[PDB]
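Note sheet for the following structure.
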Ligand SMILES: [Cl-]
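Chains as they are written, first to last, in the authors' numbering: chain B, 1 to 110; chain A, 1 to 123; chain N, 8 to 65.
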């Protein structure tokens, strides 16, 4: 039932630039929103939890925010190691609407 | 400490029932959500379902129900693919939620499932 | 939806049943530590319950 609409599909940014990634929830999820980073051949890694909290071992350049149904992942001073694919995860397994991933954002660094 | 290892990934013909296992180790916690996530080659992450480990409480994605069965064991969580199709070709990961808050902190490296009527071929 | 609701309630019931009250002896700072730790976990289950249930109540 829950649909997470993630935009954009792809972003190209030079080193030191700011990246903005958005996720829109089809239902009210409140702080039930997390952000993940995935690099080729590896499982995804937690970046942001409870919509705006920085996860253990994540650079401070990664920022999460949420206002109602709109959620944002900001990467302030993009580094070469930030080239990856990003995903949001909304909802809860036992919620009426279940839990769902956004379609992802492929970030390339110039 | 906390570790998840998935196994069972094989090459199968369509309709061949298959079971994947998530070896759960080093978790101090008793009850927690153990989730199954899949990723088709070159595609996005898809939530399949979860089981809350202390109980028998199984939760499935709308598309997953009837096609997947999550089962809890003493030291394992299994995912059975009842009747796979070519659309079920993917890497299957197990991911644990350590707080009950909904987010995934620990992931397994994944297990690859290929559904095809053909044997492997080199590129 | 009706079976989902029943399953969510049986789950919430399981969560509450998984945090039973500790032995209230008040012996050490460890006795009052357990109570503090029990309360935090109770409040969390209360909050997880309300959020799960609000998805069933609209
Ligand atoms: Cl769903």
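Positions of the beta carbon are idealized from the N, C-alpha and C atoms, including for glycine.
Item, Value
"For the segment 68 to 99 of chain B, enumerate the residues whose C-beta is nearer than 8 Å to any C-beta of chain N, in chain order.", "92, 94, 95, 96 and 97"
"Do you know how far the Cα of residue 38(A) is from the Cα of residue 84(A)?", "13 Å"
"Please classify residue 17(A) as buried or exposed, where buried requires at least 16 neighbouring CB atoms within 10 angstroms.", "exposed"
"Quick one: what's residue 36(B) bridged to in DSSP?", "46(B) and 87(B)"
"Residue ranges of each beta strand (DSSP E) run of no fewer than 3 residues wholly in the segment 51 to 109 of chain A, ordered along the chain?", "57 to 60, 68 to 72, 76 to 81 and 90 to 97"
"What are the boundary residues of the alpha helix (DSSP H) that residue 71(B) is part of?", "Segment 70 to 75 is the beta strand (DSSP E) holding residue 71(B); no alpha helix (DSSP H) there."
"Quick one: which chain A residues come within Cβ less than 8 Å of residue 17(B)?", "Those within 8 Å of residue 17(B) in chain A number zero; the least Cβ separation is about 24 Å."
"From the beta carbon of residue 13(B), is the nearest beta carbon of chain A less than 9 Å away?", "no"
"Closer than 8 Å to a non-hydrogen atom of ligand 1 - does that hold for the CB of residue 2(B)?", "yes"
"Is the shortest distance between the beta-carbon of residue 34(B) and the beta-carbons of chain A less than 9 Å?", "yes"
"Which of helix, strand or coil does DSSP assign to residue 99(B)?", "strand"
"Considering only residues of the same chain and omitting the five flanking positions on each side of residue 93(A), which have a CB-CB separation below 6 Å?", "37, 107, 108 and 110"
"Consult DSSP for residue 40(N) and reduce its assignment to one of helix, strand or coil.", "helix"
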